[PDB]
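I have placed the structure first, in the form of structure tokens, so that the comments after it can refer back to it.
There are 2 protein chains.
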Amino acid sequence: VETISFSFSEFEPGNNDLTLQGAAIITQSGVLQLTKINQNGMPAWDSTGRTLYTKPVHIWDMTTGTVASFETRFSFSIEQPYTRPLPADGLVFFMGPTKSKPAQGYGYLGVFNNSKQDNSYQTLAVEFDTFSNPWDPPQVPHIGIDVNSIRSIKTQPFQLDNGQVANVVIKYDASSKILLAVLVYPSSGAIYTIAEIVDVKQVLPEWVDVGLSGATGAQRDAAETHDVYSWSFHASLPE
Amino acid sequence: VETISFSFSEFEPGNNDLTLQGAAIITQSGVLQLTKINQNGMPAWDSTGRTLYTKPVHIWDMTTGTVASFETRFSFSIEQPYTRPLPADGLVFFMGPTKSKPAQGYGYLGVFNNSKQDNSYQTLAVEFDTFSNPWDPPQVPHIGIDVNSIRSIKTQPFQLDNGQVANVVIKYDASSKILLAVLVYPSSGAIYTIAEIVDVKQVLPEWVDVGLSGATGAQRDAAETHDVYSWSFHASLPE
Ligand SMILES: [Ca+2]
Ligand SMILES: [Ca+2]
Ligand SMILES: [Mn+2]
Ligand SMILES: [Mn+2]
Numbered sequence: 001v002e003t004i005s006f007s008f009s010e011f012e013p014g015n016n017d018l019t020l021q022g023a024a025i026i027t028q029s030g031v032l033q034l035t036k037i038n039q040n041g042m043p044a045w046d047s048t049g050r051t052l053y054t055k056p057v058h059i060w061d062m063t064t065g066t067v068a069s070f071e072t073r074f075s076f077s078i079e080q081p082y083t084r085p086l087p088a089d090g091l092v093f094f095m096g097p098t099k100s101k102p103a104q105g106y107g108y109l110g111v112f113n114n115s116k117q118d119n120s121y122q123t124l125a126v127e128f129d130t131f132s133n134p135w136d137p138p139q140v141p142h143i144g145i146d147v148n149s150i151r152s153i154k155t156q157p158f159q160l161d162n163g164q165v166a167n168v169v170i171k172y173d174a175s176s177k178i179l180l181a182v183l184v185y186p187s188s189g190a191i192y193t194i195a196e197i198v199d200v201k202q203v204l205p206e207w208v209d210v211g212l213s214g215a216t217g218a219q220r221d222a223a224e225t226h227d228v229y230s231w232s233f234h235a236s237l238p239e
Numbered sequence: 001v002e003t004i005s006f007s008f009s010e011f012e013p014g015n016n017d018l019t020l021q022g023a024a025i026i027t028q029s030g031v032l033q034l035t036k037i038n039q040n041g042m043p044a045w046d047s048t049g050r051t052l053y054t055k056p057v058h059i060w061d062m063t064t065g066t067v068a069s070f071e072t073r074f075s076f077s078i079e080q081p082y083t084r085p086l087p088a089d090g091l092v093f094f095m096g097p098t099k100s101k102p103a104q105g106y107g108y109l110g111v112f113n114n115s116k117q118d119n120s121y122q123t124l125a126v127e128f129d130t131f132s133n134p135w136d137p138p139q140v141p142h143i144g145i146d147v148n149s150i151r152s153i154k155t156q157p158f159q160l161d162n163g164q165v166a167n168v169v170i171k172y173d174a175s176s177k178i179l180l181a182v183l184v185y186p187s188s189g190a191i192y193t194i195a196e197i198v199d200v201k202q203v204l205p206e207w208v209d210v211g212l213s214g215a216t217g218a219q220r221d222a223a224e225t226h227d228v229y230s231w232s233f234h235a236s237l238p239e
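As you go down the protein sequences, you meet chains Z and L in turn. Under the UniProt record's numbering, read the first sequence as residues 1 to 239, first letter to last. Under the UniProt record's numbering, read the second sequence as residues 1 to 239, first letter to last.
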């Protein structure tokens, strides 16, 4: 069995096990700010940032046909400072081709480049979407499972507890092909769940990079914070 | 669309929407004690109790072939007073034939009668097992998905936070056939998940009763509390 795992109780500036991209920044206090926070302490619009675990994950083996099961956990906070314009756009956990570069920002969360379902993306993602784009359900924010597209194969609305820390748990069981996500707000006790069938073997390449990405809006002040406090990951590939 | 739903933010003695069976009683304080609490304030062994919702639920329709999606949530607490003998046995949420009475207690949790996988049980359930019987995984407590058998088709160990309140969320999406269960301990922030594929049409009858059940051990002082503070349920049958 081939296994890989990491756990950051807090983010460490300078730890090479994590690559920062775009506006992404790790504060001295240990917080990962995916989208730029201005001098005045407020989230900047037109911003996109990501972080990738430096080491690639062996998610499945073509020769043997085996597929790994995995789980990732992280705590994050989103603070929407203005009543208008609407806030945007969200953050997301993603898995895809190794050594990828940030894609289009805004509603594409830095992971996609358009709103088409393309197998060439070879990406699987769990989003926490804050702005309703033409391809989105009307309810916002919402959790969404993305398979080779920003257009979720399934979504689940949830209420944002402004500035409060949300605990997220994502798990994929290769035998049942079930990918599930759970979001918990310890502040209010609220619990949300979403799940769907996903055959990673039909989506992702054998080796992938796992990461987090966030993006703020296209017009002035259509922004919000996309801070992450901790991130753990584990994958087990049977032989 | 055929929909049904109920929500007890608390329990009240006398409310006839809930049928109490065996040792289960609703205290003046509004707490549902599935298993007998003696006069000295401790849990009695050799006790089995359950509560059923008075009205049946239309889970699926043979003629049209339509299948209902549902979700249920509840809060419970288990207190294990002694170091020895081991505590036992657990509580569980179940869906099965209407007009049912409590089955065997102990490790069968008042829902099954043996350790066989019999289609005649026509029962689906999510247990929170505190004792490890011969058919169980070695770790207890554990969550488990039961399909016509006390021998779970899938289990998930978890740590008990003694006497603390656990928040449970169980959801079933018929289109994906996914059955998910989540447990959250507000006290510690701990989150546990478990999911599996279940085709209710191959398991349950068209109409079912939904309920909760708890049981204590077969030997003196092999017991624990099985209190439920709240319970909600909702189902929706397409067309
Ligand atoms: Ca969006
Ligand atoms: Ca047991
Ligand atoms: Mn979306
Ligand atoms: Mn068990």
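Beta carbons are placed, not taken as given, at the ideal position from N, Cα and C, and that holds for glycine.
When you compare each of the options to residue i by their alpha carbons, which one comes out closest?
i: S47 of chain L; options: L:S77, L:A222 and L:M62; result: L:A222
i: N167 of chain Z; options: Z:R73, Z:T35, Z:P81 and Z:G41; result: Z:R73
i: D227 of chain L; options: L:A190, L:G189, L:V165 and L:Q202; result: L:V165
i: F8 of chain Z; options: Z:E2, Z:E79 and Z:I26; result: Z:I26
i: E127 of chain Z; options: Z:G14, Z:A23, Z:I194 and Z:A24; result: Z:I194
i: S115 of chain L; options: L:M95, L:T98 and L:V147; result: L:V147
i: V169 of chain L; options: Z:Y192, Z:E71 and Z:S69; result: Z:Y192
i: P238 of chain Z; options: Z:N15, Z:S69, Z:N40 and Z:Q156; result: Z:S69
i: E196 of chain Z; options: L:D199, L:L179, L:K201 and L:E206; result: L:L179
i: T225 of chain Z; options: Z:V1, Z:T19, Z:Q117 and Z:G41; result: Z:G41
i: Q159 of chain L; options: L:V1, L:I37 and L:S77; result: L:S77
i: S236 of chain Z; options: Z:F11, Z:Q21 and Z:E71; result: Z:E71
i: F112 of chain L; options: L:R151, L:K99, L:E10 and L:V200; result: L:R151
i: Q117 of chain L; options: L:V198, L:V210 and L:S149; result: L:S149
i: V210 of chain L; options: L:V198, L:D199 and L:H234; result: L:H234
Which term fits residue i, buried or exposed, when burial requires 16 or more other beta carbons within 10 angstroms of its beta carbon?
i: residue 243 of chain Z; result: Any question about residue 243 of chain Z goes unanswered here, given that chain Z covers just 1 to 239.
i: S213 of chain L; result: buried
i: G189 of chain L; result: exposed
i: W45 of chain Z; result: buried
i: residue 242 of chain L; result: Chain L is shown only over 1 to 239; residue 242 of chain L falls outside these bounds and no answer can be derived.
i: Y82 of chain Z; result: exposed
i: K154 of chain Z; result: buried
i: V1 of chain L; result: exposed
Can you tell me the Cα-Cα spacing of residue i and residue j, whole angstroms?
i: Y172 of chain L; j: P56 of chain Z; result: 34 Å
i: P102 of chain L; j: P85 of chain L; result: 25 Å
i: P13 of chain L; j: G90 of chain L; result: 23 Å
i: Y121 of chain Z; j: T216 of chain Z; result: 22 Å
i: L204 of chain Z; j: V67 of chain Z; result: 11 Å
i: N16 of chain Z; j: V184 of chain Z; result: 30 Å
i: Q202 of chain L; j: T3 of chain L; result: 21 Å
i: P97 of chain L; j: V208 of chain L; result: 5 Å
i: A23 of chain Z; j: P87 of chain Z; result: 18 Å
i: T54 of chain L; j: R50 of chain Z; result: 52 Å
i: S187 of chain L; j: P134 of chain Z; result: 40 Å
i: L124 of chain L; j: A181 of chain L; result: 13 Å
i: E79 of chain L; j: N162 of chain L; result: 5 Å
i: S230 of chain Z; j: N38 of chain L; result: 45 Å
i: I145 of chain L; j: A218 of chain Z; result: 46 Å
i: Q21 of chain L; j: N119 of chain L; result: 24 Å
i: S232 of chain Z; j: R220 of chain Z; result: 34 Å
i: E206 of chain L; j: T19 of chain L; result: 21 Å
i: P157 of chain L; j: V92 of chain L; result: 15 Å
i: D199 of chain L; j: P43 of chain Z; result: 46 Å
i: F94 of chain L; j: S5 of chain Z; result: 36 Å
i: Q104 of chain Z; j: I143 of chain L; result: 42 Å
i: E10 of chain Z; j: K99 of chain Z; result: 23 Å
i: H58 of chain L; j: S75 of chain Z; result: 39 Å
i: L52 of chain Z; j: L52 of chain L; result: 49 Å
Ligand 5 and residue i: does the residue's C-beta get closer than 7 Å to at least one heavy atom of that ligand?
i: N15 of chain Z; result: No copy of ligand 5 occurs in the structure displayed; its ligands are ligand 1, ligand 2, ligand 3 and ligand 4 alone.
Contact the segment 52-70 of chain Z vs the segment 101-113 of chain Z: 3+ CB pairs below 8 Å: no
How do the segment 116-130 of chain Z and the segment 28-44 of chain Z stand: do at least 3 beta-carbon pairs fall below 8 Å, yes or no? no
I want to know whether the segment 132-141 of chain L touches the segment 173-188 of chain L - three or more CB-CB distances under 8 Å. no
Any residues whose CB sits closer than 5 Å to a heavy atom of ligand 4? List them in chain order? L:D129, L:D136 and L:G144
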